[PDB]
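Q: Just one file: input-v5.cif, with mmCIF, C-alpha atoms; chains and numbers go by the auth columns.
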```cif
data_structure
#
loop_
_atom_site.group_PDB
_atom_site.id
_atom_site.type_symbol
_atom_site.label_atom_id
_atom_site.label_comp_id
_atom_site.label_asym_id
_atom_site.label_seq_id
_atom_site.Cartn_x
_atom_site.Cartn_y
_atom_site.Cartn_z
_atom_site.B_iso_or_equiv
_atom_site.auth_seq_id
_atom_site.auth_asym_id
ATOM 1 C CA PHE A 1 -12.030 -17.366 17.914 0.00 1263 A
ATOM 2 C CA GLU A 2 -13.357 -17.732 21.368 0.00 1264 A
ATOM 3 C CA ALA A 3 -16.041 -15.041 21.544 0.00 1265 A
ATOM 4 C CA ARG A 4 -15.042 -12.932 24.501 0.00 1266 A
ATOM 5 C CA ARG A 5 -15.401 -9.704 26.375 0.00 1267 A
ATOM 6 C CA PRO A 6 -12.296 -7.657 25.501 0.00 1268 A
ATOM 7 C CA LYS A 7 -11.325 -5.561 28.416 0.00 1269 A
ATOM 8 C CA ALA A 8 -11.680 -2.313 26.552 0.00 1270 A
ATOM 9 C CA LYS A 9 -15.140 -2.881 25.175 0.00 1271 A
ATOM 10 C CA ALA A 10 -16.802 -0.442 22.806 0.00 1272 A
ATOM 11 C CA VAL A 11 -20.525 0.142 23.374 0.00 1273 A
ATOM 12 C CA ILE A 12 -22.179 -0.541 20.022 0.00 1274 A
ATOM 13 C CA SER A 13 -25.284 1.168 18.783 0.00 1275 A
ATOM 14 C CA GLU A 14 -28.287 -1.117 19.046 0.00 1276 A
ATOM 15 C CA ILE A 15 -30.262 1.552 17.259 0.00 1277 A
ATOM 16 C CA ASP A 16 -29.616 3.110 13.893 0.00 1278 A
ATOM 17 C CA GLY A 17 -30.320 6.806 14.202 0.00 1279 A
ATOM 18 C CA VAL A 18 -28.674 10.153 14.962 0.00 1280 A
ATOM 19 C CA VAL A 19 -26.102 11.327 17.582 0.00 1281 A
ATOM 20 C CA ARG A 20 -26.387 13.562 20.681 0.00 1282 A
ATOM 21 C CA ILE A 21 -23.797 14.201 23.486 0.00 1283 A
ATOM 22 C CA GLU A 22 -23.778 15.843 27.024 0.00 1284 A
ATOM 23 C CA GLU A 23 -21.550 18.016 29.399 0.00 1285 A
ATOM 24 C CA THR A 24 -21.992 17.141 33.137 0.00 1286 A
ATOM 25 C CA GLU A 25 -18.835 16.526 35.239 0.00 1287 A
ATOM 26 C CA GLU A 26 -18.721 12.783 35.982 0.00 1288 A
ATOM 27 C CA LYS A 27 -20.056 10.648 33.076 0.00 1289 A
ATOM 28 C CA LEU A 28 -20.479 11.399 29.403 0.00 1290 A
ATOM 29 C CA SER A 29 -23.444 10.080 27.429 0.00 1291 A
ATOM 30 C CA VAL A 30 -24.210 9.449 23.787 0.00 1292 A
ATOM 31 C CA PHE A 31 -27.765 9.272 22.587 0.00 1293 A
ATOM 32 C CA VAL A 32 -28.868 7.596 19.363 0.00 1294 A
ATOM 33 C CA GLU A 33 -32.327 8.513 18.126 0.00 1295 A
ATOM 34 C CA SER A 34 -34.635 8.264 15.164 0.00 1296 A
ATOM 35 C CA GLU A 35 -38.084 9.788 14.615 0.00 1297 A
ATOM 36 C CA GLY A 36 -39.149 6.702 16.579 0.00 1298 A
ATOM 37 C CA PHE A 37 -37.028 6.531 19.696 0.00 1299 A
ATOM 38 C CA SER A 38 -33.768 7.292 21.422 0.00 1300 A
ATOM 39 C CA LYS A 39 -31.385 5.215 23.520 0.00 1301 A
ATOM 40 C CA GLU A 40 -29.170 6.444 26.330 0.00 1302 A
ATOM 41 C CA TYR A 41 -25.600 5.139 26.472 0.00 1303 A
ATOM 42 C CA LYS A 42 -23.324 5.456 29.533 0.00 1304 A
ATOM 43 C CA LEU A 43 -19.729 6.220 28.374 0.00 1305 A
ATOM 44 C CA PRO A 44 -17.461 6.521 31.483 0.00 1306 A
ATOM 45 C CA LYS A 45 -14.388 8.792 31.720 0.00 1307 A
ATOM 46 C CA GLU A 46 -11.927 6.513 29.861 0.00 1308 A
ATOM 47 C CA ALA A 47 -14.208 6.024 26.853 0.00 1309 A
ATOM 48 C CA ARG A 48 -12.782 8.049 24.015 0.00 1310 A
ATOM 49 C CA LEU A 49 -15.708 8.690 21.682 0.00 1311 A
ATOM 50 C CA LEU A 50 -15.432 8.063 17.962 0.00 1312 A
ATOM 51 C CA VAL A 51 -18.778 9.579 17.070 0.00 1313 A
ATOM 52 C CA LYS A 52 -19.754 13.227 17.090 0.00 1314 A
ATOM 53 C CA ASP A 53 -22.893 15.238 17.759 0.00 1315 A
ATOM 54 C CA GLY A 54 -24.672 15.118 14.489 0.00 1316 A
ATOM 55 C CA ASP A 55 -24.515 12.106 12.166 0.00 1317 A
ATOM 56 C CA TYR A 56 -26.015 8.633 11.789 0.00 1318 A
ATOM 57 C CA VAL A 57 -24.784 5.420 13.409 0.00 1319 A
ATOM 58 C CA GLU A 58 -25.903 2.081 11.825 0.00 1320 A
ATOM 59 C CA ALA A 59 -26.757 -0.778 14.185 0.00 1321 A
ATOM 60 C CA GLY A 60 -23.758 -2.310 15.926 0.00 1322 A
ATOM 61 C CA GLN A 61 -21.553 0.574 14.873 0.00 1323 A
ATOM 62 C CA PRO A 62 -18.620 1.501 17.115 0.00 1324 A
ATOM 63 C CA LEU A 63 -19.745 4.209 19.555 0.00 1325 A
ATOM 64 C CA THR A 64 -16.778 3.700 21.905 0.00 1326 A
ATOM 65 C CA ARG A 65 -13.219 3.282 20.643 0.00 1327 A
ATOM 66 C CA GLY A 66 -11.639 -0.137 20.413 0.00 1328 A
ATOM 67 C CA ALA A 67 -12.826 -3.731 20.725 0.00 1329 A
ATOM 68 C CA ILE A 68 -16.303 -5.105 20.153 0.00 1330 A
ATOM 69 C CA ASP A 69 -18.016 -8.116 21.728 0.00 1331 A
ATOM 70 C CA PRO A 70 -19.217 -10.568 18.956 0.00 1332 A
ATOM 71 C CA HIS A 71 -22.382 -11.455 20.880 0.00 1333 A
ATOM 72 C CA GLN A 72 -23.503 -7.808 20.994 0.00 1334 A
ATOM 73 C CA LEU A 73 -22.691 -7.168 17.344 0.00 1335 A
ATOM 74 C CA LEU A 74 -24.585 -10.426 16.703 0.00 1336 A
ATOM 75 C CA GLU A 75 -27.674 -9.116 18.390 0.00 1337 A
ATOM 76 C CA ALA A 76 -27.330 -5.612 16.879 0.00 1338 A
ATOM 77 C CA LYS A 77 -26.221 -5.922 13.226 0.00 1339 A
ATOM 78 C CA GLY A 78 -26.846 -9.690 12.875 0.00 1340 A
ATOM 79 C CA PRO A 79 -24.833 -12.866 12.175 0.00 1341 A
ATOM 80 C CA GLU A 80 -23.823 -11.503 8.866 0.00 1342 A
ATOM 81 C CA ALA A 81 -22.094 -8.754 10.802 0.00 1343 A
ATOM 82 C CA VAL A 82 -20.502 -10.791 13.551 0.00 1344 A
ATOM 83 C CA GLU A 83 -19.271 -13.272 11.017 0.00 1345 A
ATOM 84 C CA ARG A 84 -17.867 -10.562 8.728 0.00 1346 A
ATOM 85 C CA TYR A 85 -16.386 -8.850 11.779 0.00 1347 A
ATOM 86 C CA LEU A 86 -14.689 -11.942 13.149 0.00 1348 A
ATOM 87 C CA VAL A 87 -12.973 -12.767 9.891 0.00 1349 A
ATOM 88 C CA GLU A 88 -11.626 -9.329 9.104 0.00 1350 A
ATOM 89 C CA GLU A 89 -10.718 -8.710 12.769 0.00 1351 A
ATOM 90 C CA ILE A 90 -8.679 -11.918 12.801 0.00 1352 A
ATOM 91 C CA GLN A 91 -6.844 -11.241 9.538 0.00 1353 A
ATOM 92 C CA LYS A 92 -5.992 -7.939 11.073 0.00 1354 A
ATOM 93 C CA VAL A 93 -3.469 -9.573 13.322 0.00 1355 A
ATOM 94 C CA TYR A 94 -1.895 -11.868 10.720 0.00 1356 A
ATOM 95 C CA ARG A 95 -1.677 -9.289 7.936 0.00 1357 A
ATOM 96 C CA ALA A 96 0.107 -6.977 10.396 0.00 1358 A
ATOM 97 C CA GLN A 97 2.638 -9.758 10.911 0.00 1359 A
ATOM 98 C CA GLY A 98 3.432 -10.714 7.293 0.00 1360 A
ATOM 99 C CA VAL A 99 1.317 -13.884 7.015 0.00 1361 A
ATOM 100 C CA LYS A 100 -0.912 -14.014 4.015 0.00 1362 A
ATOM 101 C CA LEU A 101 -3.631 -16.628 4.646 0.00 1363 A
ATOM 102 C CA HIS A 102 -6.833 -16.791 2.463 0.00 1364 A
ATOM 103 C CA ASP A 103 -9.993 -15.698 4.280 0.00 1365 A
ATOM 104 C CA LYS A 104 -11.692 -18.982 3.295 0.00 1366 A
ATOM 105 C CA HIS A 105 -10.097 -20.829 6.207 0.00 1367 A
#
```
Would you write the structure of this file as C-alpha coordinates?
A:
Amino acid sequence: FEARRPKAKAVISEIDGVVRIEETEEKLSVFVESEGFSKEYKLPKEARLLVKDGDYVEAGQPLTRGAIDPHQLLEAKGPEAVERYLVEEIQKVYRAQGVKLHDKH
(Lines of atoms letter the chains of each structure in order from A and count residues from 1; the text may use other names and numbers.)
(Lines give C-alpha, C1' and ligand atoms only; values in the text may rest on other atoms or scores of the structure.)
Protein backbone atom coordinates (compact mmCIF):
# COMPACT_ATOMS: atom_id res chain seq x y z
CA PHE A 1 0.00 0.00 0.00
CA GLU A 2 2.92 2.19 0.72
CA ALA A 3 4.96 1.97 -2.49
CA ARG A 4 8.35 0.79 -1.35
CA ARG A 5 11.66 -0.71 -2.26
CA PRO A 6 11.46 -4.37 -1.22
CA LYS A 7 14.81 -5.55 -0.12
CA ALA A 8 15.03 -8.25 -2.72
CA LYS A 9 14.20 -6.15 -5.73
CA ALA A 10 13.80 -7.62 -9.19
CA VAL A 11 15.24 -5.56 -12.05
CA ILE A 12 12.39 -5.11 -14.52
CA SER A 13 12.81 -4.81 -18.24
CA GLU A 14 12.37 -1.23 -19.37
CA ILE A 15 12.63 -2.50 -22.91
CA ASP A 16 10.53 -5.09 -24.66
CA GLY A 17 12.85 -7.21 -26.75
CA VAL A 18 14.95 -10.38 -26.68
CA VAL A 19 17.29 -11.98 -24.06
CA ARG A 20 21.09 -12.42 -23.90
CA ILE A 21 23.30 -13.58 -20.94
CA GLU A 22 27.10 -13.64 -20.08
CA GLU A 23 29.82 -15.82 -18.30
CA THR A 24 32.55 -13.72 -16.54
CA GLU A 25 33.42 -14.56 -12.90
CA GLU A 26 32.05 -11.71 -10.76
CA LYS A 27 28.75 -10.28 -12.11
CA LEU A 28 26.16 -11.73 -14.44
CA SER A 29 24.36 -9.58 -17.00
CA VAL A 30 21.13 -9.82 -18.95
CA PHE A 31 20.67 -7.88 -22.13
CA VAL A 32 17.30 -7.02 -23.66
CA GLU A 33 17.37 -5.93 -27.29
CA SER A 34 15.19 -5.28 -30.28
CA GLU A 35 16.14 -4.41 -33.87
CA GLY A 36 16.35 -0.91 -32.38
CA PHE A 37 18.48 -1.10 -29.27
CA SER A 38 19.73 -3.11 -26.34
CA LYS A 39 19.96 -2.43 -22.62
CA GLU A 40 22.55 -3.78 -20.21
CA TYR A 41 21.35 -5.01 -16.82
CA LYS A 42 23.66 -5.67 -13.84
CA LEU A 43 22.45 -8.81 -11.96
CA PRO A 44 24.80 -9.44 -8.96
CA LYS A 45 25.64 -12.89 -7.54
CA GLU A 46 22.46 -13.37 -5.46
CA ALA A 47 20.10 -12.57 -8.34
CA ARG A 48 18.55 -15.82 -9.46
CA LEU A 49 17.46 -15.21 -13.05
CA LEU A 50 13.99 -16.12 -14.23
CA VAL A 51 14.64 -15.42 -17.89
CA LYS A 52 16.74 -17.43 -20.30
CA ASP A 53 18.91 -16.72 -23.32
CA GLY A 54 16.45 -16.57 -26.11
CA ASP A 55 12.90 -15.25 -25.66
CA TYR A 56 11.04 -11.95 -25.38
CA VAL A 57 10.48 -9.89 -22.24
CA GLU A 58 7.61 -7.31 -22.28
CA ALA A 59 8.22 -3.98 -20.55
CA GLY A 60 8.33 -4.18 -16.77
CA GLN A 61 8.58 -7.95 -16.88
CA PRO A 62 10.41 -9.71 -14.05
CA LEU A 63 14.06 -10.18 -15.05
CA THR A 64 15.22 -10.90 -11.48
CA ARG A 65 13.32 -13.21 -9.14
CA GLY A 66 11.05 -11.80 -6.47
CA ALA A 67 9.64 -8.39 -5.58
CA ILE A 68 9.06 -5.44 -7.87
CA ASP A 69 9.09 -1.71 -7.09
CA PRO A 70 5.71 -0.10 -8.14
CA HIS A 71 7.41 3.12 -9.28
CA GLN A 72 9.62 1.23 -11.76
CA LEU A 73 6.78 -0.90 -13.09
CA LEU A 74 4.87 2.40 -13.33
CA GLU A 75 7.51 3.92 -15.53
CA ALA A 76 8.03 0.71 -17.56
CA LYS A 77 4.63 -0.93 -18.22
CA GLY A 78 2.47 2.05 -17.13
CA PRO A 79 -0.13 2.86 -14.45
CA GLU A 80 -2.35 0.20 -15.80
CA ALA A 81 0.39 -2.22 -14.86
CA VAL A 82 1.33 -0.87 -11.47
CA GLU A 83 -2.30 -0.66 -10.54
CA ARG A 84 -3.04 -4.21 -11.74
CA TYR A 85 0.14 -5.38 -10.01
CA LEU A 86 -0.65 -3.77 -6.68
CA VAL A 87 -4.10 -5.28 -6.46
CA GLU A 88 -3.19 -8.83 -7.36
CA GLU A 89 0.02 -8.67 -5.29
CA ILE A 90 -1.99 -7.62 -2.25
CA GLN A 91 -4.68 -10.28 -2.63
CA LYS A 92 -1.82 -12.69 -2.80
CA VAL A 93 -1.26 -12.36 0.90
CA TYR A 94 -4.91 -12.52 1.98
CA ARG A 95 -5.91 -15.39 -0.30
CA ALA A 96 -2.97 -17.37 1.12
CA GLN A 97 -4.45 -16.78 4.56
CA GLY A 98 -8.11 -17.74 3.97
CA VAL A 99 -9.62 -14.24 3.68
CA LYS A 100 -11.79 -13.73 0.68
CA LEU A 101 -12.15 -9.97 0.08
CA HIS A 102 -13.49 -8.57 -3.28
CA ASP A 103 -10.84 -6.82 -5.38
CA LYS A 104 -13.08 -3.72 -5.62
CA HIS A 105 -11.91 -2.46 -2.23
Q: Any idea what the distance is between CA of residue 1349 (chain A) and CA of residue 1313 (chain A)?
A: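 Straight-line distance from CA of residue 1349 (chain A) to CA of residue 1313 (chain A) works out to 24.2 Å.
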Q: Can you pull out every residue within 9 Å of residue 1323 (chain A), counting only C-alpha atoms, but drop anything in the same chain fewer than 6 positions away, and send it as a VMD selection string?
A: chain A and resid 1273 to 1276 1278 1335 1338 to 1339
Q: Per residue of region 1295-1357 of chain A within 10 Å of region 1263-1268 of chain A, note the shortest atom pair and the distance in Å to one decimal, counting all atoms listed in the file, and order the rows by chain and increasing residue number, as a Markdown table.
A:
```
| residue | atom | partner | partner_atom | distance |
| --- | --- | --- | --- | --- |
| A:1328 | CA | A:1268 | CA | 9.1 |
| A:1329 | CA | A:1268 | CA | 6.2 |
| A:1330 | CA | A:1268 | CA | 7.2 |
| A:1331 | CA | A:1267 | CA | 5.6 |
| A:1332 | CA | A:1265 | CA | 6.1 |
| A:1333 | CA | A:1265 | CA | 7.3 |
| A:1334 | CA | A:1267 | CA | 9.9 |
| A:1348 | CA | A:1263 | CA | 7.7 |
| A:1349 | CA | A:1263 | CA | 9.3 |
| A:1352 | CA | A:1263 | CA | 8.2 |
```
Q: Could you work out how far CA of residue 1272 (chain A) lies from CA of residue 1316 (chain A), giving the answer in Å with one decimal?
A: 19.3 Å
Q: Please, what distance in Å, to one decimal, runs between CA of residue 1320 (chain A) and CA of residue 1279 (chain A)?
A: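 CA of residue 1279 (chain A) lies 6.9 Å from CA of residue 1320 (chain A).
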Q: Tell me, as number ranges by chain, which residues lie within 9 Å of residue 1280 (chain A), counting only C-alpha atoms; anything in the same chain fewer than 4 positions away does not count.
A: A: 1293-1296, 1300, 1315-1319
Q: Using the file's own x, y and z axes, so that the box edges lie along x, y and z, what centre and edge lengths in Å (one decimal) does a box around every listed atom of region 1350-1357 of chain A get when 5 Å is added on each side? Give it as lines of an AutoDock Vina configuration file.
A:
```
center_x = -6.7
center_y = -9.9
center_z = 10.6
size_x = 19.9
size_y = 14.0
size_z = 15.4
```
Q: List, as a PDB file with C-alpha atoms, in the frame of the given file, every residue that the PyMOL selection byres ((chain A and resi 1365) around 10) selects in the file provided.
A:
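Final output, saved to expr-v5.pdb:
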```pdb
ATOM      1  CA  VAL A1349     -12.973 -12.767   9.891  1.00  0.00           C
ATOM      2  CA  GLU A1350     -11.626  -9.329   9.104  1.00  0.00           C
ATOM      3  CA  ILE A1352      -8.679 -11.918  12.801  1.00  0.00           C
ATOM      4  CA  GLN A1353      -6.844 -11.241   9.538  1.00  0.00           C
ATOM      5  CA  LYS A1362      -0.912 -14.014   4.015  1.00  0.00           C
ATOM      6  CA  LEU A1363      -3.631 -16.628   4.646  1.00  0.00           C
ATOM      7  CA  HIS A1364      -6.833 -16.791   2.463  1.00  0.00           C
ATOM      8  CA  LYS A1366     -11.692 -18.982   3.295  1.00  0.00           C
ATOM      9  CA  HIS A1367     -10.097 -20.829   6.207  1.00  0.00           C
TER      10      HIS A1367
END
```
Q: Considering only C-alpha atoms, state which residue in the set A:1314, A:1324, A:1351, A:1357 is at the smallest distance from residue 1282 (chain A).
A: A:1314
Q: Starting from the incomplete input, reconstruct N, CA and C atoms of region 1288-1305 of chain A and report them as an mmCIF file, in the frame of the given file.
A:
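Once written, result_12.cif looks like this:
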```
data_model
loop_
_atom_site.group_PDB
_atom_site.id
_atom_site.type_symbol
_atom_site.label_atom_id
_atom_site.label_comp_id
_atom_site.auth_asym_id
_atom_site.auth_seq_id
_atom_site.Cartn_x
_atom_site.Cartn_y
_atom_site.Cartn_z
ATOM 1 N N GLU A 1288 -19.130 14.184 35.884
ATOM 2 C CA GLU A 1288 -18.721 12.783 35.982
ATOM 3 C C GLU A 1288 -18.773 11.938 34.692
ATOM 4 N N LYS A 1289 -19.965 11.532 34.248
ATOM 5 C CA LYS A 1289 -20.056 10.648 33.076
ATOM 6 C C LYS A 1289 -20.660 11.280 31.824
ATOM 7 N N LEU A 1290 -20.036 10.950 30.703
ATOM 8 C CA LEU A 1290 -20.479 11.399 29.403
ATOM 9 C C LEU A 1290 -21.721 10.590 29.031
ATOM 10 N N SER A 1291 -22.273 10.822 27.850
ATOM 11 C CA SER A 1291 -23.444 10.080 27.429
ATOM 12 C C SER A 1291 -23.743 10.349 25.977
ATOM 13 N N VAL A 1292 -23.874 9.287 25.192
ATOM 14 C CA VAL A 1292 -24.210 9.449 23.787
ATOM 15 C C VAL A 1292 -25.599 8.889 23.542
ATOM 16 N N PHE A 1293 -26.409 9.666 22.841
ATOM 17 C CA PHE A 1293 -27.765 9.272 22.587
ATOM 18 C C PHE A 1293 -28.055 9.133 21.104
ATOM 19 N N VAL A 1294 -28.489 7.933 20.734
ATOM 20 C CA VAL A 1294 -28.868 7.596 19.363
ATOM 21 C C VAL A 1294 -30.371 7.632 19.245
ATOM 22 N N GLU A 1295 -30.881 8.387 18.276
ATOM 23 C CA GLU A 1295 -32.327 8.513 18.126
ATOM 24 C C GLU A 1295 -32.790 8.678 16.694
ATOM 25 N N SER A 1296 -33.978 8.148 16.452
ATOM 26 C CA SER A 1296 -34.635 8.264 15.164
ATOM 27 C C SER A 1296 -35.975 8.909 15.429
ATOM 28 N N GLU A 1297 -36.768 9.187 14.392
ATOM 29 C CA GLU A 1297 -38.084 9.788 14.615
ATOM 30 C C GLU A 1297 -38.894 8.905 15.569
ATOM 31 N N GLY A 1298 -38.481 7.642 15.695
ATOM 32 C CA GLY A 1298 -39.149 6.702 16.579
ATOM 33 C C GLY A 1298 -38.716 6.841 18.032
ATOM 34 N N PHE A 1299 -37.486 6.442 18.327
ATOM 35 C CA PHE A 1299 -37.028 6.531 19.696
ATOM 36 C C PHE A 1299 -35.545 6.816 19.813
ATOM 37 N N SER A 1300 -35.143 6.975 21.062
ATOM 38 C CA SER A 1300 -33.768 7.292 21.422
ATOM 39 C C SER A 1300 -33.274 6.344 22.492
ATOM 40 N N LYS A 1301 -31.967 6.074 22.497
ATOM 41 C CA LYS A 1301 -31.385 5.215 23.520
ATOM 42 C C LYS A 1301 -30.184 5.876 24.181
ATOM 43 N N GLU A 1302 -30.220 5.873 25.507
ATOM 44 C CA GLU A 1302 -29.170 6.444 26.330
ATOM 45 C C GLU A 1302 -28.016 5.462 26.463
ATOM 46 N N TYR A 1303 -26.793 5.969 26.336
ATOM 47 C CA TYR A 1303 -25.600 5.139 26.472
ATOM 48 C C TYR A 1303 -24.605 5.791 27.449
ATOM 49 N N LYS A 1304 -24.260 5.031 28.491
ATOM 50 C CA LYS A 1304 -23.324 5.456 29.533
ATOM 51 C C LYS A 1304 -21.870 5.238 29.085
ATOM 52 N N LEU A 1305 -21.137 6.317 28.800
ATOM 53 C CA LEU A 1305 -19.729 6.220 28.374
ATOM 54 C C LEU A 1305 -18.788 6.810 29.430
#
```
